[PDB]
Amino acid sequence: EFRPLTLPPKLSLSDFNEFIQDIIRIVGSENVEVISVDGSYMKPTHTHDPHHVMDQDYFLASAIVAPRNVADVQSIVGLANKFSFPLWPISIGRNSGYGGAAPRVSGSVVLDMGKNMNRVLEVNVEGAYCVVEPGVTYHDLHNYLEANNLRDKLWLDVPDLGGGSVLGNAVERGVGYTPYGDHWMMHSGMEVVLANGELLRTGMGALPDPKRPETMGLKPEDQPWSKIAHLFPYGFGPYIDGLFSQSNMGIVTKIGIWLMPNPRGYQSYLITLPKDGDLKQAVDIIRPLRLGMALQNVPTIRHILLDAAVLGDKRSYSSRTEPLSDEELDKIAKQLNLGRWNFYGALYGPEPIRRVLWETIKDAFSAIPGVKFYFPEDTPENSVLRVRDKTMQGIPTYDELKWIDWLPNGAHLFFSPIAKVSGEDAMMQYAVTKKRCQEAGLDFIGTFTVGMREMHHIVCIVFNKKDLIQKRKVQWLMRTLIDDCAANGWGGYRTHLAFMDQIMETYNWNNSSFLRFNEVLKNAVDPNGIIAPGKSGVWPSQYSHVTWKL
């Protein structure tokens, strides 16, 4: 297909057309769409960033290809080398507010690993793990579980929504909410297609499965994995798996994820914190409850305007234009029966044990006047708790998609710095974010996700994507928070395409010794800069910093 909307760098129109011809040849014209439209969460766009803060046709693909299998991805890559055509690998492209399936480099070949590469490849009950291809969602897998009666032997671990790729997410080092909440950490045995074309699997994945008659002459892609590939991550020698998450080192095609066995008892809960400044003493309570394994999962500390947005848009609470006042938020609390901060957690295992954690935790949160403890049953039926009951046992919902609609034309954008598990420090980060949010005229909407020693601060910027003034006011908001938080010793853990460069430029100890060392290894494995140039600030030698950096 002839004249495209944006071409990749240095490439003539003639060369685009010969390139696509061989791709159309290899994949069949079903699995190639040249771009010469915004959609929804349910039929996700693979051309552009749906929750856009820049121009809509800023981060935009030139084509989209859907490899049917692993050798298609070798062919396509071997090809992209031949021309020097940037690629952008996506699994499901539901990386929304992080840019979705937009390419950082306008003119790229967004690579739809997900549309066809689809298989739940294995579920191992005694190993308590599973192998996933990029197309398997959280829901896909969940529906694999229930169709096989495995729901009663192994539980999953899920983000706020079920659309996401199991692997795409894990590679992004993302976060769920059971004891198995640290997604990346739960990986074992990765299969990666390298920039050069050569296939790789890491860990004991490199320890070959012993030869047998039934497996002879099977393509590397389709071979089985040795018995320990997915039980020990490290294998032998340097442990490279992590070079491949939040990186442009490769294209991931298979990934082992560990699964938590049915604990033998479950109960979720909600403790409500009446005042705004109850954050500080809360976190101070969570601190040695987390560190001492009285809090087994990854709990959340939701802000009121987060649940408020799930149960109904802004307009149905106030007709005001500025962000809502402190007294107005108080009303919304007593309205919905929530506090200013809500702490959502869950207990796991046999009744004898849940009993004691609960008595400890209740008993710990008693030094806060006005507190209140809820099990799911005790709430409204629309309730967030009633949904999150499901999220903390590995049952994927979509309910939470709604908070995106806090403002006319729904679009989000994340700022996720990292703070200490101290009440003091948590307050500080909230006061620094809150301040810059009013200056920008937004509301503050957020959650802290409690890791053992660290805390993920998710600043949920919603804006209406057809207000040309506010989208710039967000652009200014975003650039200031990164800076402000750096000035204060916090950095983001993940970002949107437009802010990769800054955020990485944030981590500049000893004159960017981290980036310079990364740039080194990139140029070594990808001599031609074709795998996802730009990702996480990391530019190859043939993308000039000046022309490219944002």
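Numbering starts at 1 and runs along the sequence shown.
Gap between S36 and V37: 4 to 9 deposited residues without coordinates. In this entry, 399-407 shows the higher mean Cα temperature factor of the pair 190-198 and 399-407.
Mean C-alpha B-factor is higher over 38-46 than over the other stretch, the pair under comparison being 38-46 and 503-511. Sorting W258, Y374, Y177, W225 by the CA temperature factor given in the entry leaves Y374 at the top. Comparing C-alpha B-factors across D241, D278, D330, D284 in the deposited entry, the largest value falls on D330. Among the modelled residues of its chain, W88 has a C-alpha B-factor that falls in the middle third, as given in the PDB entry. When the CA B factors of the chain's modelled residues are split into thirds, the value for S319 lands in the highest one. The entry lists a Cα temperature factor for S62 that places it in the middle third of the chain's modelled residues. Ranked within its chain, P159 lands in the middle third, by CA B factor from the PDB record.
Among all modelled residues in this chain, the alpha-carbon of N69 has a temperature factor (C-alpha) in the middle third.
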